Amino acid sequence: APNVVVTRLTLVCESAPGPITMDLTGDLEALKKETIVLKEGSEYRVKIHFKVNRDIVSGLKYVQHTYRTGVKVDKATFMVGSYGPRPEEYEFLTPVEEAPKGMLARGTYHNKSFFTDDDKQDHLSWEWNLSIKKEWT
């Protein structure tokens, strides 16, 4: 296995009625037709789970590009940093953001995520969709 293995994305939202997560260890192609759901206006964090198997790694970064119809791409880069090898997964969390709000803000956002580093290595790249709704259901 590679030294760095990205295993999971979770949306951390205390107001959500259940877990919001995606296993990143398998068929990433299937994520493109799927979606995860946030109630409009919800406060959330993106949490990336990853393993460091053998060697200290440095310069890790999480890059997230969000696409919404009629809008230019919303690009955000988050410094993840340096991690040593250990059996248990690490979790990196972004700062809190607020999900969009408004009937016209609802619906699909297409995300492209990169777990990478200062040397531009592709630890994992994946697409996933977010659906913003008036209510959780």
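Here the rigid core means the biggest group of C-alpha atoms that line up within 1.5 Å when the two forms are laid on top of each other. Note that residue numbering follows the sequence shown and begins at 1.
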Report task. Report the stretch with the higher root mean square CA deviation, pooled over structures and residues in 5 other deposited structures of this protein, choosing between 29-37 and 80-88 after a rigid core fit. Result -> 29-37
Query raised in the report: Core fit done; bigger CA RMS in 5 other deposited structures of this protein for 103-111 or for 67-75?
Result: 67-75
Query - Higher-B stretch (mean Cα B-factor, as the entry records it), 24-32 or 50-58 - result: 24-32
Report summary line: Assert higher mean C-alpha B factor (91-99 or 41-49, deposited values) equals 91-99
Report summary line: Scanning 129, 10, 125, 121 for peak Cα temperature factor in the entry gives 121
**Report entry** Relative C-alpha B-factor of residue 6, binned into the chain's lowest, middle or highest third
**Finding:** lowest
Report task. Divide the modelled residues of the chain into thirds by Cα B-factor and specify which third, lowest, middle or highest, holds residue 106. Result -> highest
Report task. Going by the recorded CA B-factors, say which third of the chain residue 65 sits in, lowest, middle or highest. Result -> lowest
Query raised in the report: Based on the entry's values, in what third of the chain does the Cα temperature factor of residue 72 lie: lowest, middle or highest?
Result: middle
